[PDB]
**Student:** 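Sharing a structure below in structure tokens format, with a few things to ask.
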Amino acid sequence: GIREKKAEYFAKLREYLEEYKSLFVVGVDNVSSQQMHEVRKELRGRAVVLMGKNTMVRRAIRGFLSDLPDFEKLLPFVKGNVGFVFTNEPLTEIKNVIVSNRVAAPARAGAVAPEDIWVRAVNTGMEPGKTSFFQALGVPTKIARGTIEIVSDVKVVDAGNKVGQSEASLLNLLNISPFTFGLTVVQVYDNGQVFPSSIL
Amino acid sequence: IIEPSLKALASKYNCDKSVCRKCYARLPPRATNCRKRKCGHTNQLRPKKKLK
Amino acid sequence: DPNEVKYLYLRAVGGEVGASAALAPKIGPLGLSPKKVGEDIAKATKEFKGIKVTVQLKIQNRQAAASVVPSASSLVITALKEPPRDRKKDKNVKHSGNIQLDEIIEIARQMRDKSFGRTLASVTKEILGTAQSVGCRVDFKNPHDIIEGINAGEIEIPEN
Amino acid sequence: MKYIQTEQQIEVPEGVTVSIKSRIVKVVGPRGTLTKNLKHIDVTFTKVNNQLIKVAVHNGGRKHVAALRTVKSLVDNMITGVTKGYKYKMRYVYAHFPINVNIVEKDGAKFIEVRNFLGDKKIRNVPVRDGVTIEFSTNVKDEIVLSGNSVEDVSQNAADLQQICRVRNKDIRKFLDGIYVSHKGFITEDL
RNA sequence: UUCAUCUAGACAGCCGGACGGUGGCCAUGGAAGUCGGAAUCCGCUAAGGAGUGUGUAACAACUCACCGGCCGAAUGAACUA
Ligand SMILES: [Mg+2]
Ligand SMILES: [Zn+2]
């Protein structure tokens, strides 16, 4: 049934191409089904979010480029877990609606941390024995009657640096949530010329 | 008492295993056949029983 | 801190003197007298006697605040409108009596706000699925038949 | 089925030289030189461009072409052992008795001495295979690290350390005491 | 041998999601996918079973079917002797 299903997907993708004038290439990495549910709910009527397997999308895009050749720039941008948010509305407000959902997880183990960790001086309150993370990573602190208290601000990891297991678990029990998870538009197709999302 | 990290490490070698029905051999957890020829390399395998 | 606010959605048979031996185990730790909760549950679900309906309980300052969760299934049952059942002895009550499209559609209207369904048609399809679970018939048609018809457009659900 | 030709590619980085006489492989890197006898395997090595070796089996059976890939993996292990090295980190797991593990000299033999395992009065001795370095890791509680060029020696000595500390006459699911490899990686980080 | 999957991207591998109506209905004292019987829908969907297993007093928390990310060429099952 792959023939009929993929053909249907190609057809609907075309229809989105014609009606919707512009597009939001989005980095949907680490976006829960529920998270996308509210995001699409917000985008109801306003825009639409279509999802496809990158290779399937690319094959369709070549085929559709056959007649609309304005998409070779789109060809590289279909990489990794990325959703085509089709839009016939103002890109600025579309970008806002995309940005909104940032459900923060504490130091998701392994994933590339997108934020510059500043562990502010705070009474941890967490149990003494678990100092192991602090002690292994240095992180000067003070064990006062079990309840350790971070003495000074420590940058264990940063943005763009995959959290090592140790610090990841450390901020996991420390309940600092840097891993704001929400679809992050990487590029935005604009009526014939894609531009990096940043501007919007 | 052993902390859960070390306990998982030790269970990885002691308990996260398989057992052959015919020859009681201790096999890798995801093994499909027994490695002993005396059982005919049977595929009659079970998970090694978990503690409590 | 009494200011602590804690939500306690629990599905329970309505309008009757609910199981203390089920409700106390939860409120107890929070410092909450079982009886008062019991009055709140019974009064709030009075209409739903013999109708197992979810009821949220807000808790703050060692008090309760009942609010009968408009659960789609229980709303469906109330639409079936069965007078208080002798659930104690009337076990296996096959509550599949018929309902005109009116009530199901209105329930779908009630539930659309949270539901993600882009059309009142879709939300009605959801509630009809709930009725399928119930066994409840809709106007001498299987609720799946109604769902398919609505998809076809023949049962045009008014969008508002 | 006797595949006509099966081939595998061995990538040679910049700082290593591979000299292959008949089936004796001598790999030289920054960390040292390893040598392996592979005369038991009947394969053909051929240099392509001094950064690529091709190892091939002609008209070989199923087992023969399996052992071809085994040889490729062994030479790759040699090259990564002379480039990055190998480190196996073992943690000591104990419920009641801390396991007293240290390095002792007996006639200049470099034995890893184990005492108090399950409270045992026996002294367990693990020889150190030549080329394997032992360091006891600070900032991690009860962790011993075995490092070296040769993965065979490093992992084998770690395996002897693990095997000598097996529990007898007890439910091994409950009596989880022992010395277990918690990490197996390379000495130089993230190369 | 037969049946399937595969450049419209196969199998395995590793990583992401794995929802909402809804604790679906009936029972149990408790049963919220997961002690039982029967119902397997609908929506949001790239996608998720009224659930494949671990688990709880029930929860929860995990895991999988399903779809996704990477690599890019063959692969899986049941059979026959
Ligand atoms: Mg005994
Ligand atoms: Zn066996």
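Residue numbers begin at 1 in each chain, while the letters A, B, ... track the order of the sequences.
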**Student:** Under a 3.5 Å cut-off for both contacts, is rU54(E) paired Watson-Crick or G-U wobble with anything, and if yes, with which nucleotide?
**Tutor:**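 Pair assignment: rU54(E) / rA61(E).
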**Student:** If the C1' atom of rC70(E) is compared with that of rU52(E), how far apart are they to the nearest Å?
**Tutor:**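 Going atom to atom, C1' in each nucleotide, I get 26 Å.
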**Student:** Looking only at non-hydrogen atoms, find the nearest pair between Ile104(C) and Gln100(C) and report the distance.
**Tutor:**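 Looks like CD1-O, 3.2 Å.
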**Student:** Positive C1'-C2'-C3'-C4' means north, negative means south, so call it for the sugar of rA57(E).
**Tutor:**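 Positive torsion, so north.
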**Student:** Whole angstroms only, please: what is the CG-P distance between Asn30(A) and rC67(E)?
**Tutor:**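 In whole Å, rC67(E) P and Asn30(A) CG are 20 Å from each other.
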**Student:** If we take the P atom in both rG13(E) and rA61(E), what is their distance in whole Å?
**Tutor:**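 The answer is 27 Å between these two P atoms.
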**Student:** What is the base-pairing partner of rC14(E), counting Watson-Crick and G-U wobble geometry with both distances under 3.5 Å?
**Tutor:**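 Looking at the geometry, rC14(E) pairs with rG69(E).
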**Student:** Kindly label the base of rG9(E) as syn or anti, based on whether its glycosidic torsion lies within 90° of 0.
**Tutor:**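 In terms of base orientation relative to the sugar, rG9(E) is anti.
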**Student:** Taking atom types as modelled, find out whether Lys53(A) and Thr55(A) have a side-chain donor-acceptor pair closer than 3.5 angstrom.
**Tutor:**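 Side-chain D/A pair, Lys53(A) to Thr55(A): present.
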**Student:** Find the partner of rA77(E): check Watson-Crick (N1-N3 plus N6-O4 or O6-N4) and G-U wobble (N1-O2, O6-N3) distances, both under 3.5 Å, and reply none if neither fits.
**Tutor:**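 Looking at the geometry, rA77(E) pairs with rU2(E).
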**Student:** Quick one: is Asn81(A) getting a side-chain N or O under 4.0 Å of the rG17(E) phosphate, OP1 or OP2?
**Tutor:**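 No, no such contact exists.
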**Student:** Sugar at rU45(E): north or south, per the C1'-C2'-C3'-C4' sign?
**Tutor:**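 Since its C1'-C2'-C3'-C4' torsion is positive, the sugar of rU45(E) is on the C3'-endo, or north, side.
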**Student:** Positive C1'-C2'-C3'-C4' means north, negative means south, so call it for the sugar of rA50(E).
**Tutor:**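 South (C2'-endo side).
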**Student:** Check each of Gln34(A), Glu38(A), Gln35(A) against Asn101(A) using the side chain to side chain donor-acceptor pair (under 3.5 Å) test, and report the only one that passes.
**Tutor:**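 Between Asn101(A) and the candidates, side chain to side chain donor-acceptor pair (under 3.5 Å) is satisfied uniquely by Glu38(A).
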**Student:** How close or far is atom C1' of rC62(E) from atom NZ of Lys50(B), stated in whole angstroms?
**Tutor:**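 Between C1' of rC62(E) and NZ of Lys50(B): 15 Å.
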**Student:** Mind telling me if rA50(E) is syn or anti? Syn here is a glycosidic angle within 90° of 0.
**Tutor:**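 Chi for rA50(E) falls in the syn range.
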**Student:** Using a 4.0 Å heavy-atom cut-off to protein, can you give one letter per nucleotide of nucleotides 27-54 of chain E, 5' to 3': B if the base is in contact, S if only the sugar-phosphate is, - if neither?
**Tutor:** SS----------S-BBBBSBBB-B----
**Student:** Does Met111(C) or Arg58(A) map to a spot on RNA chain E nearer the 5' end, using the closest nucleotide for each?
**Tutor:**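 Checking each residue's closest nucleotide, the 5'-ward one belongs to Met111(C).
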**Student:** Check the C1'-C2'-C3'-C4' sign on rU40(E) and let me know if the sugar comes out north or south.
**Tutor:**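 With a negative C1'-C2'-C3'-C4' torsion, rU40(E) is south.
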**Student:** Taking the side chain as every heavy atom from C-beta outward, state whether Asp70(A) and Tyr189(A) have any atom pair closer than 4.5 Å.
**Tutor:**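 Touching, per the 4.5 Å side-chain cut-off.
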**Student:** For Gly80(A), which contact category applies under a 4.0 Å heavy-atom criterion: base, sugar-phosphate, or nothing?
**Tutor:**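 Here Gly80(A) touches the backbone only, sparing every base.
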**Student:** Looking at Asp29(A), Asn30(A), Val31(A), which hits side-chain contact (heavy atoms from CB on, under 4.5 Å) with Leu183(A)?
**Tutor:**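 Answer to the side-chain contact (heavy atoms from CB on, under 4.5 Å) test with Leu183(A) among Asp29(A), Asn30(A), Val31(A): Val31(A).
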**Student:** Parallel, tilted or perpendicular: which fits the ring planes of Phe86(A) and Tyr20(A), with parallel below 30° and perpendicular above 60°?
**Tutor:**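 Perpendicular: the ring planes of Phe86(A) and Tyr20(A) meet at over 60°.
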**Student:** Within the 3.5 Å criterion, strictly below it, is a donor on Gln8(D) or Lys54(D) matched to an acceptor on the partner's side chain?
**Tutor:**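 No, no side-chain donor-acceptor contact under 3.5 Å.
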**Student:** Based on the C1'-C2'-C3'-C4' torsion angle, does the furanose ring of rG23(E) adopt a north or a south pucker?
**Tutor:**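 South (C2'-endo side).
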**Student:** Are there any protein N/O atoms within less than 3.5 Å of an N/O atom in nucleotides 5-8 of chain E, and if so, which ones and at what distance?
**Tutor:**
from, atom 1, to, atom 2, distance (Å)
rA8(E), OP2, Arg59(A), NE, 3.3

**Student:** Ignoring hydrogens and angles, state whether a donor on the side chain of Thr78(C) or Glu47(C) is under 3.5 Å from an acceptor on the partner side chain.
**Tutor:**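 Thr78(C) vs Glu47(C): no donor-acceptor pair found between side chains.
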**Student:** Expressed in angstrom and rounded to an integer, what is the separation of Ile77(C) atom CD1 from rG21(E) atom P?
**Tutor:**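 Those two atoms, CD1 and P, are 17 Å apart.
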**Student:** Give none if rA27(E) has no partner; otherwise give the nucleotide forming a Watson-Crick or G-U wobble pair with it, both distances under 3.5 Å.
**Tutor:**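 Its partner: none found.
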**Student:** Would you check if there is a donor-acceptor pair between the side chains of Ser74(C) and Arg11(C) at a distance under 3.5 Å?
**Tutor:**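 There is such a pair (donor and acceptor under 3.5 Å, judged by atom type) between the side chains of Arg11(C) and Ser74(C).
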**Student:** Would the bases of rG23(E) and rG24(E) meet the stacking rule of centres under 5.5 angstrom and planes under 30°?
**Tutor:**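 Ring centres or planes out of range, so no.
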**Student:** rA46(E) pairs with which nucleotide, Watson-Crick or G-U wobble, both distances below 3.5 Å?
**Tutor:**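 Looking at the geometry, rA46(E) pairs with no nucleotide.
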**Student:** Could you walk me through whether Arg112(C) and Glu126(C) satisfy the salt bridge (charged side-chain N to carboxylate O under 4.0 Å, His left out) test, starting with their C-alpha distance in whole Å, then the side-chain angles of each, then the deciding distance to 0.1 Å, before giving a yes or no?
**Tutor:** CA-CA 10 Å; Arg112(C) 181 181 182 175; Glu126(C) 296 214 355; over 6 Å; no
**Student:** Give a yes-or-no answer on whether the side chains of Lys125(C) and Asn151(C) include a donor-acceptor pair shorter than 3.5 Å.
**Tutor:**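 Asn151(C) and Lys125(C) do have a side-chain donor-acceptor pair below 3.5 Å.
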